[PDB]
Amino acid sequence: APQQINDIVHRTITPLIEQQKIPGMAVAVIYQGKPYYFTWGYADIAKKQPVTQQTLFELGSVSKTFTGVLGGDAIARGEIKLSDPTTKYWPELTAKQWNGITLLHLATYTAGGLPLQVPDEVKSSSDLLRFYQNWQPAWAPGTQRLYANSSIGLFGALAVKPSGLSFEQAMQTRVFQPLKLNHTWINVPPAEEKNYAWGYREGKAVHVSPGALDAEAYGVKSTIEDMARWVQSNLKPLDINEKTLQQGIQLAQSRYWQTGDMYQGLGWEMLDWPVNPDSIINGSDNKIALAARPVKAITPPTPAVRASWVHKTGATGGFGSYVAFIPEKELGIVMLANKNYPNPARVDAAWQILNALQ
Ligand SMILES: O=C(O)C[C@@H](Cc1cccc2ccccc12)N1C(=O)c2ccc(C(=O)O)cc2C1=O
């Protein structure tokens with residue numbers, strides 16, 4: 001690889017791993033459209049299995065970027081509209097608080113205070129109906145953003161209804177397969193089990209547990225190679241031959257709401273480039289990122305801006321991931337780790353790397 005890339009990546013990542021006691025890590029840098037890969041440490045400590053370019057990591061909430069684009073693809077196919085009432089796709093949802101709550105609000109966490117997590121107790125379809133029926137908003141729709149798996153999770157489930165496909169089948173057929181993400185999974189198959197890293201939390205080996213609307217909100221597993229290709233695809237959607245997928249990617253980076261200096265897309269979050277690093281670094285802290293904040297409506301939404309820092313953080317109990325890119329600069333990064341280490345450390349390292357290559 002170019003020495004510049006080698007040196008910035010290693011000088012930033014080595015101390016990060018040391019400081020954060022990360023068992024295993026994979027990093028991709030996309031530089032002028034081409035990926036460069038780096039790996040450290042262990043996918044499985046006990047069995048002495050190293051992290052490779054084929055190792056699967058739990059993306060956690062980075063999954064929301066796939067959900068957003070899949071929703072975008074459905075919009076482009078004419079199957080749904082973000083302006084549609086939630087009730088259009090869920091006729092059993094009769095409770096009056098849902099009047100005025102649209103697919104846009106679900107997708108962008110602005111329904112009025114849907115909770116971060118679907119309760120563990122919610123198992124069945126009848127349980128889920130009861131949960132959403134009984135949910136009482138703190139705020140009018142389209143006034144406050146509160147990051148929520150229960151929000152974008154429901155969006156994901158409803159966006160695929162008109163197709164008649166399950167969420168997983170829809171994602172496989174319409175996103176993963178066209179983009180040749182052949183080692184990206186909602187459910188890891190037996191054939192790939194040898195490559196599936198353990199997550200580590202408080203020293204114990206852990207994998208994500210099943211939960212309602214998990215696929216839609218936090219359930220994707222992927223390799224560093226497929227994630228680099230995912231970044232390439234979002235960096236440069238005009239290279240994508242499938243027209244509805246191309247438009248869907250573009251819609252996911254449209255700017256729907258603004259809070260502080262961030263803009264909410266479908267899954268993706270964006271800021272103008274050049275960014276104030278302090279703002280993205282400090283803003284990634286879950287203190288801020290999980291806080292209820294007032295939003296300004298962008299009416300109508302701004303199309304995907306090339307001069308953006310586009311990103312998403314995501315975690316599970318045992319994994320920590322970050323993806324960021326700058327379309328204008330054909331520059332991007334993917335950082336996958338099998339420890340949930342603090343968001344700001346992720347973003348700081350990503351900033352340092354991309355800033356040096358920009
Ligand atoms: O960083 C993210 O991607 C979002 C966070 C949001 C979240 C969900 C549940 C409990 C949490 C506790 C502290 C902080 C965030 C939490 N998140 C999740 O969204 C999430 C889903 C599943 C698991 C699991 O290991 O079963 C863990 C998490 C998880 O930490």
# chains A, B, ... in the order shown; residues from 1 in each chain; ligands from 1
call {"tool": "residues_around", "arguments": {"residues": "residue 338 in chain A", "least_positions_apart": "3", "cutoff": "8 Å", "atoms": "only C-alpha atoms", "output": "VMD selection string"}}
result
chain A and resid 22 to 25 43 57 to 58 197 to 200 318 to 320
call {"tool": "select_by_dssp", "arguments": {"residues": "range 269-304 of chain A", "states": "helix (DSSP H, G or I)", "output": "list in words"}}
result
residues 277, 278, 279, 280, 281, 282, 283, 284, 286, 287, 288 and 289 of chain A
call {"tool": "residues_around", "arguments": {"residues": "residue 55 in chain A", "least_positions_apart": "3", "cutoff": "7 Å", "atoms": "only C-alpha atoms", "output": "PyMOL selection string"}}
result
chain A and resi 51-52+195-197+223
call {"tool": "residues_near_ligand", "arguments": {"ligand": "ligand 1", "cutoff": "10 Å", "atoms": "only C-alpha atoms and all ligand atoms", "output": "PyMOL selection string"}}
result
chain A and resi 58-64+116-119+147-150+199+201+206-211+214+217-219+284-287+289-290+312-322+340-343
call {"tool": "residues_around", "arguments": {"residues": "range 180-189 of chain A", "least_positions_apart": "2", "cutoff": "6 Å", "atoms": "only C-alpha atoms", "output": "JSON list (two decimals) with N, CA, C and O atoms, in the first residue's frame"}}
result
[["chain", "number", "residue", "atom", "x", "y", "z"],
["A", 176, "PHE", "N", -27.89, -6.51, -0.78],
["A", 176, "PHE", "CA", -26.66, -7.29, -0.64],
["A", 176, "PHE", "C", -26.25, -7.91, -1.98],
["A", 176, "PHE", "O", -25.11, -7.77, -2.40],
["A", 177, "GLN", "N", -27.19, -8.56, -2.65],
["A", 177, "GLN", "CA", -26.88, -9.29, -3.88],
["A", 177, "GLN", "C", -26.44, -8.35, -5.00],
["A", 177, "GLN", "O", -25.38, -8.56, -5.59],
["A", 178, "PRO", "N", -27.23, -7.29, -5.29],
["A", 178, "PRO", "CA", -26.79, -6.36, -6.34],
["A", 178, "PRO", "C", -25.43, -5.72, -6.12],
["A", 178, "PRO", "O", -24.68, -5.48, -7.07],
["A", 191, "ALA", "N", -22.16, -22.14, 7.19],
["A", 191, "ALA", "CA", -20.99, -22.06, 6.30],
["A", 191, "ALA", "C", -20.00, -20.95, 6.69],
["A", 191, "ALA", "O", -18.82, -21.05, 6.38],
["A", 192, "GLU", "N", -20.51, -19.91, 7.37],
["A", 192, "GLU", "CA", -19.65, -18.77, 7.72],
["A", 192, "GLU", "C", -19.30, -18.74, 9.22],
["A", 192, "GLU", "O", -18.56, -17.86, 9.68],
["A", 215, "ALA", "N", -33.12, -7.32, 13.20],
["A", 215, "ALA", "CA", -32.58, -7.21, 11.84],
["A", 215, "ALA", "C", -32.57, -5.74, 11.35],
["A", 215, "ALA", "O", -31.59, -5.27, 10.78],
["A", 219, "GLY", "N", -29.02, -5.67, 13.40],
["A", 219, "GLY", "CA", -28.78, -7.10, 13.25],
["A", 219, "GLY", "C", -27.85, -7.59, 12.15],
["A", 219, "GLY", "O", -27.76, -8.80, 11.94],
["A", 220, "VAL", "N", -27.16, -6.68, 11.45],
["A", 220, "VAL", "CA", -26.31, -7.08, 10.34],
["A", 220, "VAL", "C", -24.88, -7.43, 10.81],
["A", 220, "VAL", "O", -24.34, -6.78, 11.70],
["A", 221, "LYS", "N", -24.33, -8.50, 10.24],
["A", 221, "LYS", "CA", -22.94, -8.91, 10.43],
["A", 221, "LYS", "C", -22.26, -8.83, 9.08],
["A", 221, "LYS", "O", -22.83, -9.19, 8.05],
["A", 222, "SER", "N", -21.02, -8.37, 9.07],
["A", 222, "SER", "CA", -20.28, -8.19, 7.82],
["A", 222, "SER", "C", -18.76, -8.27, 7.98],
["A", 222, "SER", "O", -18.24, -8.22, 9.09],
["A", 226, "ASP", "N", -16.62, -6.48, 2.63],
["A", 226, "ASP", "CA", -17.97, -6.08, 2.21],
["A", 226, "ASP", "C", -18.28, -4.65, 2.69],
["A", 226, "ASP", "O", -18.95, -3.89, 2.01]]
call {"tool": "residues_around", "arguments": {"residues": "residue 213 in chain A", "least_positions_apart": "3", "cutoff": "7 Å", "atoms": "only C-alpha atoms", "output": "ChimeraX atom specification"}}
result
/A:153-154,216-217
call {"tool": "write_last_selection", "arguments": {"atoms": "N, CA and C atoms", "output": "PDB file, in the first residue's frame"}}
result
ATOM      1  N   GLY A 153     -36.636   0.691  13.476  1.00  0.00           N
ATOM      2  CA  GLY A 153     -36.990  -0.753  13.371  1.00  0.00           C
ATOM      3  C   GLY A 153     -38.340  -0.977  12.712  1.00  0.00           C
ATOM      4  N   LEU A 154     -39.342  -0.237  13.183  1.00  0.00           N
ATOM      5  CA  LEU A 154     -40.696  -0.315  12.633  1.00  0.00           C
ATOM      6  C   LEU A 154     -40.718   0.174  11.183  1.00  0.00           C
ATOM      7  N   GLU A 216     -33.690  -5.057  11.579  1.00  0.00           N
ATOM      8  CA  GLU A 216     -33.990  -3.743  11.038  1.00  0.00           C
ATOM      9  C   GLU A 216     -33.172  -2.616  11.673  1.00  0.00           C
ATOM     10  N   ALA A 217     -32.799  -2.819  12.936  1.00  0.00           N
ATOM     11  CA  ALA A 217     -32.186  -1.782  13.746  1.00  0.00           C
ATOM     12  C   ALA A 217     -30.725  -2.047  14.095  1.00  0.00           C
TER      13      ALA A 217
END
call {"tool": "residues_around", "arguments": {"residues": "range 261-269 of chain A", "least_positions_apart": "4", "cutoff": "9 Å", "atoms": "only C-alpha atoms", "output": "VMD selection string"}}
result
chain A and resid 61 to 69 71 to 72 104 107 to 108 152 251 to 257 279 to 280 283 304 309 to 312
call {"tool": "write_last_selection", "arguments": {"atoms": "C-alpha atoms", "output": "mmCIF file, in the first residue's frame"}}
result
data_model
loop_
_atom_site.group_PDB
_atom_site.id
_atom_site.type_symbol
_atom_site.label_atom_id
_atom_site.label_comp_id
_atom_site.auth_asym_id
_atom_site.auth_seq_id
_atom_site.Cartn_x
_atom_site.Cartn_y
_atom_site.Cartn_z
ATOM 1 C CA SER A 61 -26.465 0.209 14.641
ATOM 2 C CA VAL A 62 -24.353 0.617 11.504
ATOM 3 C CA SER A 63 -27.116 -1.789 10.295
ATOM 4 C CA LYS A 64 -29.420 1.259 10.152
ATOM 5 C CA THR A 65 -27.569 2.440 7.043
ATOM 6 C CA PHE A 66 -28.654 -0.730 5.228
ATOM 7 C CA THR A 67 -32.222 -0.271 6.516
ATOM 8 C CA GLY A 68 -32.265 3.342 5.298
ATOM 9 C CA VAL A 69 -31.015 2.481 1.811
ATOM 10 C CA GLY A 71 -36.245 1.994 2.458
ATOM 11 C CA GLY A 72 -34.870 4.399 -0.134
ATOM 12 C CA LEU A 104 -40.490 9.775 7.573
ATOM 13 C CA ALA A 107 -37.156 6.448 9.732
ATOM 14 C CA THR A 108 -35.659 9.596 11.284
ATOM 15 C CA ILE A 152 -36.286 2.947 12.533
ATOM 16 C CA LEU A 251 -32.361 9.344 -0.757
ATOM 17 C CA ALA A 252 -30.638 7.922 2.343
ATOM 18 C CA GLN A 253 -28.153 10.826 2.238
ATOM 19 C CA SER A 254 -30.812 13.461 1.704
ATOM 20 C CA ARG A 255 -31.052 15.919 4.572
ATOM 21 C CA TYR A 256 -34.441 15.691 6.299
ATOM 22 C CA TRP A 257 -33.813 17.394 9.668
ATOM 23 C CA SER A 279 -18.240 18.642 17.017
ATOM 24 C CA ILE A 280 -18.269 15.165 15.406
ATOM 25 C CA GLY A 283 -21.294 14.766 19.299
ATOM 26 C CA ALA A 304 -27.305 14.350 -0.959
ATOM 27 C CA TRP A 309 -18.922 13.996 6.308
ATOM 28 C CA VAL A 310 -21.310 11.033 6.143
ATOM 29 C CA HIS A 311 -21.165 8.590 9.031
ATOM 30 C CA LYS A 312 -22.663 6.158 11.481
#
call {"tool": "select_by_dssp", "arguments": {"residues": "range 270-322 of chain A", "states": "strand (DSSP E)", "output": "PyMOL selection string"}}
result
chain A and resi 270-272+293-294+296-302+308-316+319-322
call {"tool": "atom_distance", "arguments": {"atom1": "CA of residue 33 in chain A", "atom2": "CA of residue 282 in chain A"}}
result
28.3 Å
call {"tool": "closest_residue", "arguments": {"among": "A:351, A:325, A:273, A:132", "to": "residue 90 in chain A", "atoms": "only C-alpha atoms"}}
result
A:132
